[PDB]
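Novice: experimental coordinates for this protein are included below, preceded by the sequence.
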Amino acid sequence: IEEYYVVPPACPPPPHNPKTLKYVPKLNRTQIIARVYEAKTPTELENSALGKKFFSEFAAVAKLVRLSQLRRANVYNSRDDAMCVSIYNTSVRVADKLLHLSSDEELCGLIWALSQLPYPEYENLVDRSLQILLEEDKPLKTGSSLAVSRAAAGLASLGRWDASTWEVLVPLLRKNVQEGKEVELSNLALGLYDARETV
Amino acid sequence: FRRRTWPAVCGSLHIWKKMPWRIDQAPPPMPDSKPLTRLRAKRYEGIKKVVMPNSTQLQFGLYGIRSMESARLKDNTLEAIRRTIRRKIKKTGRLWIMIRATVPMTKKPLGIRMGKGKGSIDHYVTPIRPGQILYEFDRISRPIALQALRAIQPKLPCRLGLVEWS
Amino acid sequence: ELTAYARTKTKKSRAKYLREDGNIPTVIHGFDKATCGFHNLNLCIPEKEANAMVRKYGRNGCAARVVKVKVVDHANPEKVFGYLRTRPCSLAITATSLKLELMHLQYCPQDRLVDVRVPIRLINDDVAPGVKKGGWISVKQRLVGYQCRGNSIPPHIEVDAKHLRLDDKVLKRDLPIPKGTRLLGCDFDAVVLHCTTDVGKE
Amino acid sequence: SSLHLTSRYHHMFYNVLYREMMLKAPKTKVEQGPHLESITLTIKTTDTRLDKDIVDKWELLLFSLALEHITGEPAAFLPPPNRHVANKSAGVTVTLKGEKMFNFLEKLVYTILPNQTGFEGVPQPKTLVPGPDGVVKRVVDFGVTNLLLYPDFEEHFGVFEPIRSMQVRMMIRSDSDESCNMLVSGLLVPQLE
Amino acid sequence: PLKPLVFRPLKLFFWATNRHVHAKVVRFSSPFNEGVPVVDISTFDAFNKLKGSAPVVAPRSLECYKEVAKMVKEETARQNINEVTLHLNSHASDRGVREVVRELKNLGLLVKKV
RNA sequence: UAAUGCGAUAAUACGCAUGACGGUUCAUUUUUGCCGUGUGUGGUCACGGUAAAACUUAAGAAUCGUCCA
């Protein structure tokens, strides 16, 4: 007295049957990044990129960078603060799994974003990013002074004060100041490092 | 107008409300093959005069025959109609039968006075509602359907009509 | 083109007077109350035109067609309120007499998505190995559901049975899918056509 | 403390075997994979020298004691077949989960089954009727016909002489029967096919 | 065999979620009007307090359950509330809720079920 | 109601994560039929009901599936 069961067969969709008749255009990496930055509230930032196809390593960095800008520029209530916490917790965990796929600019932005945000730092996200960029060749070949300026400012705020890394950055920061590129960040980093040397 | 008192409007014990069968508008279900019952019924159970819904159509075939009036048909009548339809249409015809006699009827023998309880089962009947579809056909032509309609009309007490799917 | 007349707000019991005059009540669904003033529009259509449409297309066939509706004043036929593009949805018909009672229509622009139950048609049924042997083609689903755009609604689905033998079955997977439409539901692998010799064992 | 408190198979399943199954059968979610839920050991009257469908409980104490030695956890009497019969049972049973389940499987496969004469492979799984939760489960059933192969019934040979055989069932949760076979193979239990 | 309902001005409510346990004390004037919450303490508040001084494992821990009971006792004592009636529901049988109730009774608050 | 919900050690510190597509379960009273009471040569009558039974097009919510057009 024991009955048995037969699992119904699966239903594969027929070929040449469109999934939707609505117009849903394809999105590339550039479009997703633009969409993420063009956000005004934590809710829009949270919904700017969801799903494993769009919530990639580059999207996680963009969310953290934009979150820092919004946190500094605006004051939020309890509900929005909870939204901000959720954004931070998810983005860092994604970064901890796809860190090896990040580019030089993304790593530089990640360090700057983590320094500004007040939430607890994840396991070793800053240290891992430093190790990948510690070859001393990526900073030298970093054509965009923005990435170098963000990295220099981030470490100064975090108080790393690495002797080797700073020595390389000093001539680069001075060159950027002479060229008039990223003066505010370069000057801020140089001033902070000079203060540390005095102290 | 509804015949109830104020306490009934608020604290009625009739929580599960079912519409009585005599006036329910739901179409009857397809006949099954269950055996006929041996439990006597009441005369109302074999009669129903409410019309069919205004959305009834053919379900399986392309042609069919409907009743324009209510009636109560016995088992003997259906058997004669079935033979007439089968002979008239063909052996190679598709026929759906949508009716069946299932309500028992009682009768008492001659020479018995009134009283001393209800009688014993004698035959079975089925109620027919106005506009109801009785038979459906397929694998035939329209002229053949008309011939079937004319063959059975003299054998039934109600007016009949033709239905087509479109 | 169909002609419709405006109505006053009346009770359900006043509908039988319109039919006696020779008009059938109609309702057009699918408007925006903010910009049009109503979510639904009530009118009446002459019975003579209504019967011609049903006969020409059919009770279920007309649901896959697009029609034009002109609204005019009943007292003055030359006063035109406007024009609408709609598709029939359902028809209410008496069971005892087969007369129209109420017509449901949907406002169907050329850029809207609608669900339509399209009838299935057969081609070259006479020339088929199964028919020659002595079988017949049995249709199990007269209508099949599709999601179509307003500008492209298939009048019917053409299924060719010129190369079907006995026991051949055509499932939903094999049905044509014209441009601008997709199959609805998930119950694929459902029998639509069947070439057999059984006659129901009657 | 010179006591057996760990589980070798438990470490193997989660730290070694689980990843391999994921690579062989990719799934969208991590938890979507083969899992072993419980193992049930049953001894009925038909597997004993006693010849009767319904027997008194005092006659089944010996078999209940035998399961305790094999499993290390007390066993329970089967429910009476009807309310009229109260003091008579029809066998004993015990259910194991977690670390205790894995330890029993390791000992059975490594030592006892290889020494059983007519063993080729365990039967194919059978699918049961889903319960109210709607989860499909497969069961693999086999029996051990020589219970005197364990090294524990030697201390009192006369006491455990009547012990003859036992039945074993394993419950597995997986997406398909093929996944069940993959898990069984990972457990080092040959399957008869 | 459901008992008749009895109206009480002060009632104690518990809401047990996946992560925390919430306790509220609400005053009522009639069943037809909304109440006024006078105490609102959850294990979230206790976790933030203890973690700074004494490390705890998680909000749903024995240390936090006792801490929540203590904080509830202080608020009721300050407002001169000594007797409350507990509202019984499915969440009332949670292990975390039962620990809080036991602590409250030992502290001195009189909690009645009926 | 993100101090949410769900989980295959199921405990909750850890895992999935609030968008987007697809499939399921839930307004001129939508307006026709139908039912009840009153009156009636058996209907060219009146009012009400259907949150009792048949019948329209939506929009939203709750799961579920998904590297996402």
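Specialist: Arrived safely. Residues are numbered from 1 along each chain as shown, chains lettered A, B, ... in the order given.
Novice: buried set for stretch A:165-178?
Specialist: For stretch A:165-178, a neighbour-count test (16 or more other CB atoms under 10 Å in any protein chain shown) marks A:165, A:166, A:169, A:172, A:173, A:176, A:177 as buried. For every residue, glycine as well, the C-beta is placed using N, CA and C.
Novice: could you export it as PDB, CA atoms only?
Specialist: Taking C-alpha atoms only, stretch A:165-178 is exported to PDB below (Å, rounded to 0.1, in the frame of the first residue of the first chain):
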ATOM      1  CA  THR A 165      53.200  54.100  -3.600                       C
ATOM      2  CA  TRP A 166      53.300  57.700  -2.400                       C
ATOM      3  CA  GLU A 167      56.800  58.300  -3.900                       C
ATOM      4  CA  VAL A 168      55.400  57.300  -7.300                       C
ATOM      5  CA  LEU A 169      52.300  59.400  -6.900                       C
ATOM      6  CA  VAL A 170      54.100  62.600  -5.900                       C
ATOM      7  CA  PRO A 171      55.600  63.300  -9.400                       C
ATOM      8  CA  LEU A 172      52.400  62.200 -11.000                       C
ATOM      9  CA  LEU A 173      50.300  64.500  -8.800                       C
ATOM     10  CA  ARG A 174      52.700  67.500  -9.400                       C
ATOM     11  CA  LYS A 175      52.500  66.900 -13.200                       C
ATOM     12  CA  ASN A 176      48.700  66.800 -13.000                       C
ATOM     13  CA  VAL A 177      48.700  70.100 -11.100                       C
ATOM     14  CA  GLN A 178      51.000  71.600 -13.700                       C
END
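Novice: so which pair among the buried residues of stretch A:165-178 is furthest apart in space?
Specialist: Of all pairs drawn from the buried residues of stretch A:165-178, the greatest distance, 18.3 Å, lies between A:165 and A:177 (CB to CB).
Novice: alongside chain B, which residues does chain C contribute?
Specialist: Counting by CB under 8 Å from any CB of the partner chain, chain C comes close to chain B at C:58-61, C:90, C:92-98, C:101, C:136, C:138, C:142, C:199-200, C:202.
Novice: which of those residues are buried, as a PyMOL select command?
Specialist: In PyMOL syntax, the buried subset of the residues of chain C next to chain B is picked out as below (16+ other CB under 10 Å):
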select buried, chain C and resi 58+59+60+61+93+95+96+136+138+142+199
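Novice: among the residues of chain C next to chain B, which ones are in helices?
Specialist: Per DSSP state H, helices hold no members of the residues of chain C next to chain B.
Novice: name the residue closest to the centre of chain E, please.
Specialist: Residue closest to the average C-alpha location in chain E (CA atoms, centre = their mean): residue E:23, at 3.5 Å.
Novice: mind listing the residues bridging to it?
Specialist: Going by DSSP bridges, residue E:23 is paired in beta bridges with residue E:14, residue E:41.
Novice: isn't it right up against residue E:14?
Specialist: Yes - at 5.7 Å, residue E:23 and residue E:14 qualify as touching, with contact defined as CB atoms under 8 Å.
Novice: residue A:92: how many residues sit nearby?
Specialist: Other residues near residue A:92 come to 22 when the count uses other CB atoms under 10 Å in any protein chain shown.
Novice: and it, what is it in contact with?
Specialist: A:60, A:64, A:122, A:125 (CB atoms under 8 Å, 6 or more residues apart in numbering or on different chains).
Novice: which of those residues sits closest to residue C:79?
Specialist: Using CB to CB, the contacts of residue A:92 come closest to residue C:79 at residue A:60, 64.7 Å.
Novice: against residue A:89, how distant is that closest one?
Specialist: Separation of residue A:60 from residue A:89 (CB to CB, to the nearest Å): 11 Å.
Novice: is RNA strand F contacted by stretch A:48-57?
Specialist: Yes - judged by CB under 7 Å from any atom of the strand, stretch A:48-57 comes into contact with RNA strand F at A:50, A:51, A:52, A:53, A:54.
Novice: who wins for most neighbours among those?
Specialist: Highest count within the residues of stretch A:48-57 next to RNA strand F by other CB under 10 Å belongs to residue A:54, 16 neighbours.
Novice: which element is the nearest residue to that one once chain neighbours are set aside on?
Specialist: Distances taken as CB to CB, 6 or more residues apart in numbering or on different chains place residue A:32 nearest to residue A:54, at 5.5 Å, with adjacent residues excluded. Following DSSP states H and E, one finds residue A:32 within helix A:29-37.
Novice: after that helix, next one along is what?
Specialist: Taking DSSP H and E, what comes next after helix A:29-37 is helix A:42-46.
Novice: now find how far off-centre that next one is within its chain.
Specialist: Centre-to-centre, helix A:42-46 and its host chain are 15 Å apart (CA atoms, centre = their mean, to the nearest Å).
Novice: mind listing what's buried in that helix?
Specialist: A:42, A:45, A:46.
Novice: ok, that helix near RNA strand F or not?
Specialist: Yes - against RNA strand F, helix A:42-46 shows contacts by CB under 7 Å from any atom of the strand at residue A:46.
Novice: buried stuff in the very next helix or strand once past that helix?
Specialist: Sequence order places helix A:57-73 as the next helix or strand after helix A:42-46, per DSSP H and E. Of all the residues in helix A:57-73, those buried under the rule 16+ other CB under 10 Å are A:57-68, A:70-71.
Novice: and stretch A:142-160, by the same measure?
Specialist: A:142, A:145-157.
Novice: check stretch B:147-154 too.
Specialist: For stretch B:147-154, using 16+ other CB under 10 Å, the buried residues are B:148, B:149, B:152.
Novice: now render these as TSV, adding distance to chain C and secondary structure.
Specialist: TSV is the format used below for the buried residues of stretch B:147-154 (distance: CB to the nearest CB, whole Å; DSSP: H, G, I helix; E, B strand; the rest coil):
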residue	distance to chain C	secondary structure
B:148	14	helix
B:149	15	helix
B:152	16	helix
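Novice: sec struct for the closest residue to chain C within chain D, please.
Specialist: Using CB to the nearest CB, the closest approach of chain D to chain C is made by residue D:134 at 18.0 Å. What DSSP: H, G, I helix; E, B strand; the rest coil gives for residue D:134 is coil.
Novice: what comes up buried for stretch B:131-142?
Specialist: B:131, B:132, B:133, B:134, B:135, B:136, B:137, B:138, B:139, B:140.
Novice: that older thread, could I get the buried residues of helix A:57-73 as TSV with distance to chain B?
Specialist: Supplementary listing: the buried residues of helix A:57-73 in TSV, determined by distance: CB to the nearest CB, whole Å:
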residue	distance to chain B
A:57	58
A:58	57
A:59	53
A:60	56
A:61	60
A:62	56
A:63	55
A:64	58
A:65	61
A:66	57
A:67	55
A:68	61
A:70	56
A:71	57
